[PDB]
Amino acid sequence: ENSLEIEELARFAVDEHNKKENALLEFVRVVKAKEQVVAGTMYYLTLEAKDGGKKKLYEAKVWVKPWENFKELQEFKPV
């Protein structure tokens, strides 16, 4: 259920960014996603989130190891 997983990872990206940078972006939706095999899976996401009420676009890179309870935000930045 790829798109179901993709949305979860995009929400995770926003949550992790918020926790890491003391921010409060509000996830809206995923708009682009690339899923690439590496050691584990690498996700290149484009998503919309609200920053103080204004919708903005962001790119995120998320690393997942599905054989264990592991997920990790590598990069998160405005488009």
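Only heavy atoms go into these numbers, but all of them, side chains included; no hydrogens, no water, no symmetry mates. Start at 1 with the first residue, then count along the sequence.
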Notebook entry, point to check: What is the ring orientation for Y58 with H17, classed by angle as parallel under 30°, tilted 30 to 60°, or perpendicular over 60°?
Noted result: tilted
Checklist line | Distance-minimising heavy-atom pair for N18 and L24 | finding: OD1-N, 3.4 Å
Item checked: Point-to-point distance, once rounded to the nearest 0.5 Å, from OG1 of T41 to NZ of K65 -> 11.5 Å
Check: According to a 4.5 Å side-chain heavy-atom criterion applied to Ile, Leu, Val, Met, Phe, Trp and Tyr, with indirect links allowed, do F70 and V38 form part of one hydrophobic cluster?
Finding: yes
Next item on the list: Find the distance between CG (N2) and CG (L9) and round it off to the nearest 0.5 Å.
Entry: 10.5 Å
Margin query: So for atom NZ, which belongs to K32, do other residues, nucleotides or ligands contribute more than 12 heavy atoms lying within a distance under 6.0 Å?
Written below: no
Checklist line | Atom CG of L57 with >12 non-hydrogen neighbours under 6.0 angstrom | finding: yes
Note to self: Hydrophobic clustering (ILVMFWY, side-chain heavy atoms < 4.5 Å, transitive) - are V79 and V31 grouped together?
What the structure shows: yes
Next item on the list: For the residue pair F76 and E21, establish whether any side-chain heavy-atom pair is separated by less than 4.5 Å.
Entry: no
Notebook entry, point to check: Between atom CG of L45 and atom CD of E35, what is the distance when rounded to the nearest 0.5 Å?
Noted result: 10.0 Å
Notebook entry, point to check: Which heavy atom of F27 sits nearest a heavy atom of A10, and at what distance?
Noted result: CE1-CB, 3.6 Å
Next item on the list: Taking all non-hydrogen atoms of both residues into account, name the closest pair between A13 and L73 and its distance.
Entry: O-CD2, 3.5 Å
Check: Is there any salt bridge (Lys or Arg N to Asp or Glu O under 4.0 Å) pair reaching into residues 6-18, and which pairs are they, with sequence neighbours excluded?
Finding: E7-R11, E16-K19
Note to self: Is the positively charged end of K34 above the ring of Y44, judged by distance under 6.0 angstrom from the centroid and angle within 45° of the axis?
What the structure shows: no
Margin query: Within the supplied structure, the quantity of interest is the number of heavy atoms (other residues, nucleotides, ligands) at a distance under 6.0 Å from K20 NZ; does it exceed 12?
Written below: no
Check: Are any of the side-chain heavy atoms of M42 and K61 separated by less than 4.5 Å?
Finding: yes
Check: Between NZ of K55 and CD of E26, what distance do you get to the nearest 0.5 Å?
Finding: 9.0 Å
Next item on the list: Indicate, with yes or no, if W63 and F12 share a hydrophobic cluster defined by side-chain heavy-atom contacts under 4.5 Å among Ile, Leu, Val, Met, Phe, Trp and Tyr.
Entry: no
